[PDB]
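Each remark here refers to the structure printed beneath this line.
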Protein chains: 2
Amino acid sequence: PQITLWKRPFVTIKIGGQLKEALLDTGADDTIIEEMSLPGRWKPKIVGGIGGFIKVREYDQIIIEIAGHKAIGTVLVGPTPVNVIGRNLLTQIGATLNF
Amino acid sequence: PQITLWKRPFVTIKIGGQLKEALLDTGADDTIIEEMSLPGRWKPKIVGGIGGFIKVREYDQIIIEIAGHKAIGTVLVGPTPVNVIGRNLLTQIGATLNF
Ligand SMILES: COc1cccc2cc(C(=O)N[C@H](C(=O)N[C@@H](Cc3ccccc3)[C@H](O)C(=O)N3CSC(C)(C)[C@H]3C(=O)NCc3c(C)cccc3C)[C@H]3CCOC3)oc12
């Protein structure tokens, strides 16, 4: 699709068998989701931005369907105020910024 | 242009006659730049990112060029880790997300 930016670009994602709303975020290196269960090993990570840093769990090789497009990559789980789809998965669904 | 997301989407901006690097950030409502001198009066704003909230200075009707595209709009100044071009100016230069 072509998504304009008059409002926050939220889409529906499917992850870990759950449906969630998440923000298509070109300023995010990584993908971070609110607290949820994911399968496999995880490692601790600290990520930061406006306001400071937060502690998350890093899960690798996770599949997320993003607005109907499947991908696989790392997903961070932690106290993010908003679910965010970052560049690591945006590249995989073929997303670009155009002007 | 068409900007891919394999690396951080930095572009060169011009503001106050000076060239700076700034991140094109669809996850940001607003545009926020590192401490610099801007003309006119400012108003207080609180913005909230991944790690909490921060206090910034809001300057209105600021002349800014984004990858050669001329814009005039609201610019926030505050302790941002990097310069961020948010949706208020992305919309003005006609940027969309496409996949
Ligand atoms: C409490 O906070 C909020 C609550 C509810 C809604 C919103 C919306 C916004 C918003 O747009 N916030 C902007 C923002 O910081 N947005 C960020 C995303 C976000 C959106 C909503 C809530 C929280 C974060 C930005 O797009 C980004 O990824 N930034 C801005 S600063 C940055 C370039 C380093 C990067 C970053 O945070 N990276 C951290 C990060 C993430 C998110 C994922 C994976 C790895 C890392 C390191 C600021 C910046 C200028 O306008 C206001 O905040 C909210």
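Counting convention: from 1, in listed order, for ligands and their atoms alike. Per chain, numbering begins at 1; letters A, B, ... match sequence-line order.
- When each atom of ligand 1 is checked for a heavy atom of B:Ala28 under 4.0 Å away, the hits are 11 (O), 13 (C), 16 (N), 26 (O), 49 (C), 50 (C), 51 (O).
- Short contacts between ligand 1 and B:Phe53, defined as distances under 4.0 Å to a heavy atom of the residue, involve ligand atoms 1 (C).
- Residue B:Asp29 has at least one nitrogen or oxygen atom sitting less than 3.5 Å from a nitrogen or oxygen atom of ligand 1, judged on distance alone.
- Looking from atom 16 (N) of ligand 1 to the surrounding protein, the closest heavy atom is B:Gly27 O, 3.1 Å.
- A salt bridge links A:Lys20 to A:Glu34: one of the charged nitrogens lies within less than 4.0 Å of a carboxylate oxygen.
- When only non-hydrogen protein atoms are considered, atom 24 (C) of ligand 1 lies nearest to B:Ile50 N, 3.7 Å.
- For the residue pair B:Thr96/A:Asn98, the side-chain donor-acceptor check at 3.5 Å is not satisfied.
- For atom 54 (C) of ligand 1, a protein non-hydrogen atom is found at a distance below 4.0 Å.
- Between A:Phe99 and B:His69, the ring-plane angle classifies as perpendicular under the 30° and 60° cut-offs.
- Checked against a 3.5 angstrom limit, the closest N/O atoms of B:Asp30 and ligand 1 fall inside it.
- Of the candidates A:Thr4, A:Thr26, A:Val11, A:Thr26 is the only one forming a side-chain contact (heavy atoms from CB on, under 4.5 Å) with B:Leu97.
- Using a 4.5 Å heavy-atom threshold, the side chains of B:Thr74 and B:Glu58 count as touching.
- Residue B:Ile32 forms a side-chain contact (heavy atoms from CB on, under 4.5 Å) with just one option from B:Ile54, B:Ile85, B:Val75, and that option is B:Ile54.
- Among B:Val82, A:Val56, B:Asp25, B:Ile54, the residue whose heavy atom lies closest to atom 29 (N) of ligand 1 is B:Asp25.
- Those atoms of ligand 1 with a heavy atom of A:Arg8 less than 4.0 angstrom away are 6 (C), 7 (C), 8 (C).
- Not a single donor-acceptor pair under 3.5 Å links the side chain of A:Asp30 to the backbone N or O of A:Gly86.
- Under a cut-off of 6.0 angstrom, the local environment of CG in A:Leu19 is crowded, with over 12 non-hydrogen atoms contributed by other residues, nucleotides or ligands.
- Closest protein heavy atom to atom 2 (O) of ligand 1: B:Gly48 O, 2.6 Å.
- If you check which protein heavy atom lies closest to atom 52 (C) of ligand 1, you get B:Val47 CB, 3.9 Å.
- Every atom of ligand 1 is numbered from 1 in the order shown, and the set under 4.0 Å from a heavy atom of B:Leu23 is 33 (C).
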